[PDB]
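Note sheet for the following structure.
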Amino acid sequence: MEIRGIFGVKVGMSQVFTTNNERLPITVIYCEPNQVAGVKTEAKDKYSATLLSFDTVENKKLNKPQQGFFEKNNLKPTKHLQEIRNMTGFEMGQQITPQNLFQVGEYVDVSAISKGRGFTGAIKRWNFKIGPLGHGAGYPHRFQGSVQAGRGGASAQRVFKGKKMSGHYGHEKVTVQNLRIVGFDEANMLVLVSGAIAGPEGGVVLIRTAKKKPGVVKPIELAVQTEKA
Amino acid sequence: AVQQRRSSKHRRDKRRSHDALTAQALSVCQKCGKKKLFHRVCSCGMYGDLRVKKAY
Amino acid sequence: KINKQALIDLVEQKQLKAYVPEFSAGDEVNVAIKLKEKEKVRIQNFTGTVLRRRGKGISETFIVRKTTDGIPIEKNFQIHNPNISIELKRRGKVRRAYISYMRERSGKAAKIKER
Amino acid sequence: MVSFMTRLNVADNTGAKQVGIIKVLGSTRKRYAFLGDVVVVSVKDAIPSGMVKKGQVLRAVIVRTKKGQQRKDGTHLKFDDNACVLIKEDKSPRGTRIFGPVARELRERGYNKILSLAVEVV
Amino acid sequence: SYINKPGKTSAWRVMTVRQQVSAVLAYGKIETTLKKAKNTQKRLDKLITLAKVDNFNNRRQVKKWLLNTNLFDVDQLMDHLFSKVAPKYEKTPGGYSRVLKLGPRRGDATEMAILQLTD
RNA sequence: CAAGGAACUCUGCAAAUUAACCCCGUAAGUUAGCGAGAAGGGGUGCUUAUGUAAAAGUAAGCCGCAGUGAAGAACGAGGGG
RNA sequence: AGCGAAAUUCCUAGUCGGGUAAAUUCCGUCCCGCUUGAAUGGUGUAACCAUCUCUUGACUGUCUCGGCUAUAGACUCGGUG
RNA sequence: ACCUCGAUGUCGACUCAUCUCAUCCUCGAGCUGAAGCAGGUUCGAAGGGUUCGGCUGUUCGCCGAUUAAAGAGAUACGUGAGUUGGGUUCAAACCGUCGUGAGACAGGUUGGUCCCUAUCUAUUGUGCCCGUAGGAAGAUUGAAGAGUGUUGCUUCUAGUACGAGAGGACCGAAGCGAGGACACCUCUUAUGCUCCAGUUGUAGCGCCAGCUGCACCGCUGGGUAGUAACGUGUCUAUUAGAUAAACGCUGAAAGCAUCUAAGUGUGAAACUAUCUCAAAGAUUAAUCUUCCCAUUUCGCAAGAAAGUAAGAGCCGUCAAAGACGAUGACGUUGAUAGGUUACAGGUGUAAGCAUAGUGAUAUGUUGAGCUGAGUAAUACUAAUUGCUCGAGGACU
């Protein structure tokens, strides 16, 4: 199925009361109209994708190769360049606006880098039960568990590859699927997305067309206060 | 815990290939000779203006 | 690209009112709850003291605590939730922004009141 | 949070004074006794002028949770004690009267007949 | 593991911060570890900014952040502050002090640095 | 450290609540000495006033979430070998 | 004589009653007690127990299921080793 | 008794599990003395799930409550350089027995040492150097991979097929949940040791008040940010191909028949993709993009005076990162950090003043005062007036 896409940065989180007397936690994403840097059909490079530019910056804060590439095709000098698969409907030099890409209440997936917490221990990484603390505890009482699969000459005689063990955690591209967009703001280039999005504010945020829902539309509506003293 | 077979001298000489410091930066102060480290004060007690300290 | 990180309230501004009175914890208020069971829109009455006043903009939440027939009841309200009418009945001397004494304080002891 | 082997007070005319939840129903290790579920209980202390005595086990419905849960309506509810209503293994209960306010979120799971005999609903 | 020295707990840290800022106010230049001086400059400029009001409330507030030295007593230090410290720092908002990087120490080889007052 | 309160574990092991002051109250059994601080409850701050030698003691008034505000002061009950 | 599935019982996880949502542990009672049992003492016995065990009240991060803070250590830089 | 005695550490639970299929569940199919529900048995299918307690030291087992079920095993009857010692296996003692006695008993009971800073492999991440067709910056390709791939309940179809009545669906749809995975901090909590309020004991600021130092952060109630969860959102699937058991179509040997030999299909949570993640050290070291160099004259233009302009490194300021290394943002066109101003947020009426009151205290200035991280503007201070690597296309 055809998949549209857009880029932006999360700036905050709030909640919005919707219809049927309930709420919805919302994140607010500030996107900026972009320039289509390139489109590649499957007859030129065999991968039909679209390279887009975002986070526009001045020219005197960019290296020679990227600025030369940008001025070659008469595009804005931009900071970030990234590709999105399966999108060919647009063309060079066209701007992309979120209001002209989706409907009021369709489903779109989101992706962003993870909020790394450093060299996170095994327990937090895989939710392993802590050892007993009373009736004696030994030297360790917080460890990944025995990775042994068998002693002897040839039963295991090896620590199996890919066993869940402490190490780097976070700072890895993660995604959230099946989320509903509610509100738009054209005067500030602002969008509202239900749920929570991984990654701290200031990082890269990508919104793509959902795959588990191939683009089905079901409306979502919010109420308006009408009470005055 | 200890090793089974003793590590040879060439294993040691291979291991220490990375335990080597990175050299510092030489700098010539505008109002002091005796070339110094970059981004610090000089030996003549200066920093290009500001005679903030003596040489003692 | 440059942002204020305050647009959260800039979009929150549209879902506010002026009906909501300014009030703090330690006062007795009675609110009305609108309930919709697809028909017969029902109006409730809920009286009690305010426990806390936290949050800003649309995140302002507060608590109502009441004691009926020996059973305590506690409810939490988002201020700008739809169909929430709130009025001030009685206010007294406030001491703390959030109060933690409503479980061992009973009647026959004069609760503080001011002008 | 009302976990395994938890004391709670009876809230109906069953002849008991103190009841204890022993095993939750539903799925394994669900460790939850939130409003609207059905749970196995065992009466601890019973006095005359009632209908049932200690020793036997029953299936009841929990009503009061001290911690309280955030409802899907945007409002949070809290309690200062935990209580349950004894039923006779069907929709209709053994209880004839209810002490204190009860919840309403259990309306979708039935039991409106029991809900109809409470002093007030919050 | 077992019993050890109390270390660099928060109370000790703030006490040393106040001692260092009082000393640098009394004399003017202080050589020490770079990180500690950088941390203490916050409190230093806080006190300097709050001292320009020249009111008894400000005196009472800054009293609990100053410890006397051999050169000046607490009253002497406050008199010096009201005499020749405030008026110079009215035409320049914030950043009254500067910090520069000294060479490494002989024994510990940690980055020494000087902190001084300026226009 | 929310809610639960012994449900993990061989075992309430280890930890936590009761602590001092004075005032009530304290059973079966008992070699009548004990059991016993049994158990189970009250309050202790401040100001003024009354008093005896000062105190100890009492009345009135003040406030907080808390008044041996800090620290140092006992977990019991019952049934057995 | 007294006592008794007693830490003495292999059969036995003996019977039964009680405490329990459920008791190979506990209390009491039932005797064909392998080989109980009297100065290798037998039987109760008030108070004592860093004695062992059983039930229970409150209180408990032991636990449901973990979480945060501070330090010292650890860890990079220097010296020694 | 063939390896082990100049060491092969045995029971049990805890954490982590992995693997096989004689399948406990979910899946499909046949048969049936299967009206339906509900069964009984057999056939393929191991991706996933496979509960909590009381008893004894525990597997064995009993019992209780339940679950779609509460699998059968192995891995030194898995894992003491991972804990725990309850049992077994120490020196003490008791009781029964045995023995004339030292003493013993697969008889019973109470107490009681559990060490090791990791060299390599393996593994978890992580870097420095070189490498790829001259050198940089990038954007992709996905070869070979990994992770994820449980499901329950109620309602509708419907009291419909069926059966007589009673009773009571296969096939699909909707919502509500519980396990476990991914993140988030708007609400709710926990935490929050340079925050706010209150307050005791003391030592000082000569003294009243107000302060700091200490007393578990002195104590108690809150709370910025960050941080997490008991909290909130999503995931649990839809589908395609080839299929296993099966069911077929037509059609043969041997004019019939036949699901099979040819040809052709339908067909299971399994297999390969659609889901997510990483990925050219993928030597098959891949494609494309841009930027720069090829500069008269000297053995192999070989370093011959110009050794990139492209960029990177040294050093500095920092957290969206962070054990160091790395990543990311910026180094005077400069907002990178610390300031100053503005505000949010938290606390809750600052001190002093006036005044009622015998006096604690109360009342108005005062929703003021204060503030660690927060959101911004502002060159105020620090990032300085710097140094180094870095080119003549190697092979058609």
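Ligands are numbered from 1 in the order shown, chains are lettered A, B, ... in the order of the structure tokens, and residues start at 1 in each chain.
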
Should the cut-off be 12 Å, what would the residue list for chain G against chain A look like, counting only C-alpha atoms (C1' of nucleotides), as a PyMOL selection string? chain G and resi 61-63+65-67

Could you write out that same residue set with N, CA and C atoms (P, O5', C5', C4', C3', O3' and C1' of nucleotides) as a PDB file, in the first residue's frame?
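Contents of the output file out-v7.pdb:
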```
ATOM      1  P     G G  61       6.977  -2.136  54.986  1.00  0.00           P
ATOM      2  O5'   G G  61       8.350  -1.943  54.211  1.00  0.00           O
ATOM      3  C5'   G G  61       9.537  -2.580  54.675  1.00  0.00           C
ATOM      4  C4'   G G  61       9.780  -3.876  53.948  1.00  0.00           C
ATOM      5  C3'   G G  61      11.182  -4.035  53.376  1.00  0.00           C
ATOM      6  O3'   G G  61      11.525  -5.420  53.334  1.00  0.00           O
ATOM      7  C1'   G G  61       9.609  -3.974  51.608  1.00  0.00           C
ATOM      8  P     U G  62      12.694  -5.996  54.274  1.00  0.00           P
ATOM      9  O5'   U G  62      12.648  -7.568  54.024  1.00  0.00           O
ATOM     10  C5'   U G  62      12.445  -8.087  52.717  1.00  0.00           C
ATOM     11  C4'   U G  62      12.009  -9.530  52.748  1.00  0.00           C
ATOM     12  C3'   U G  62      11.173  -9.990  51.563  1.00  0.00           C
ATOM     13  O3'   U G  62      11.971 -10.363  50.454  1.00  0.00           O
ATOM     14  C1'   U G  62      10.183 -10.728  53.594  1.00  0.00           C
ATOM     15  P     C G  63      11.582  -9.892  48.969  1.00  0.00           P
ATOM     16  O5'   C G  63      10.064 -10.340  48.799  1.00  0.00           O
ATOM     17  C5'   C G  63       9.718 -11.696  48.551  1.00  0.00           C
ATOM     18  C4'   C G  63       8.225 -11.864  48.446  1.00  0.00           C
ATOM     19  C3'   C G  63       7.549 -11.062  47.344  1.00  0.00           C
ATOM     20  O3'   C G  63       7.582 -11.744  46.102  1.00  0.00           O
ATOM     21  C1'   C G  63       6.363 -10.798  49.387  1.00  0.00           C
ATOM     22  P     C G  65       3.455 -10.064  40.589  1.00  0.00           P
ATOM     23  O5'   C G  65       5.013  -9.766  40.709  1.00  0.00           O
ATOM     24  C5'   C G  65       5.755  -9.334  39.573  1.00  0.00           C
ATOM     25  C4'   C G  65       6.680  -8.188  39.897  1.00  0.00           C
ATOM     26  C3'   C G  65       7.748  -8.479  40.953  1.00  0.00           C
ATOM     27  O3'   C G  65       8.933  -7.761  40.622  1.00  0.00           O
ATOM     28  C1'   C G  65       6.426  -6.658  41.653  1.00  0.00           C
ATOM     29  P     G G  66      10.375  -8.407  40.912  1.00  0.00           P
ATOM     30  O5'   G G  66      11.211  -7.213  41.550  1.00  0.00           O
ATOM     31  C5'   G G  66      11.762  -6.192  40.731  1.00  0.00           C
ATOM     32  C4'   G G  66      10.875  -4.975  40.704  1.00  0.00           C
ATOM     33  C3'   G G  66      11.584  -3.637  40.844  1.00  0.00           C
ATOM     34  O3'   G G  66      12.130  -3.170  39.624  1.00  0.00           O
ATOM     35  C1'   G G  66       9.757  -3.711  42.331  1.00  0.00           C
ATOM     36  P     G G  67      13.481  -2.302  39.627  1.00  0.00           P
ATOM     37  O5'   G G  67      13.019  -0.877  40.161  1.00  0.00           O
ATOM     38  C5'   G G  67      12.011  -0.143  39.485  1.00  0.00           C
ATOM     39  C4'   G G  67      11.650   1.118  40.227  1.00  0.00           C
ATOM     40  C3'   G G  67      12.814   1.949  40.734  1.00  0.00           C
ATOM     41  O3'   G G  67      13.409   2.736  39.717  1.00  0.00           O
ATOM     42  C1'   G G  67      11.177   1.757  42.430  1.00  0.00           C
TER      43        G G  67
END
```

Interface residues on chain F facing chain D, 9 Å, only C-alpha atoms (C1' of nucleotides), written as a list in words: residues 2, 3, 4, 5 and 7 of chain F

For the residues in that selection, give me C-alpha atoms (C1' of nucleotides) as a PDB file, in the first residue's frame.
```pdb
ATOM      1  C1'   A F   2       1.387   3.629  47.488  1.00  0.00           C
ATOM      2  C1'   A F   3      -2.603  -1.105  48.480  1.00  0.00           C
ATOM      3  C1'   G F   4      -2.390  -5.616  50.742  1.00  0.00           C
ATOM      4  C1'   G F   5      -0.412  -7.775  55.628  1.00  0.00           C
ATOM      5  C1'   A F   7       0.502 -14.816  51.142  1.00  0.00           C
TER       6        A F   7
END
```

Any chance you could list, as an NGL selection string, the residues in segment 43-112 of chain C that come up strand (DSSP E or B) when DSSP is run on the backbone? :C and (43 or 46-54 or 61-68 or 71-78 or 84-90)

Can you check which residues of segment 2-87 of chain C DSSP gives as helix (DSSP H, G or I) on the backbone and send them as a PyMOL selection string? chain C and resi 7-15

Could you list, with a cut-off of 7 Å and counting only C-alpha atoms (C1' of nucleotides), the residues of chain H near chain B, each shown with its nearest atom pair and the distance in Å rounded to one decimal, rows sorted by chain and ascending number, as CSV?
```
residue,atom,partner,partner_atom,distance
H:116,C1',B:1,CA,6.3
H:118,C1',B:1,CA,5.7
H:119,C1',B:3,CA,4.4
H:314,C1',B:25,CA,6.3
H:315,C1',B:38,CA,6.2
H:316,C1',B:39,CA,6.8
H:386,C1',B:27,CA,6.9
H:387,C1',B:25,CA,6.5
```
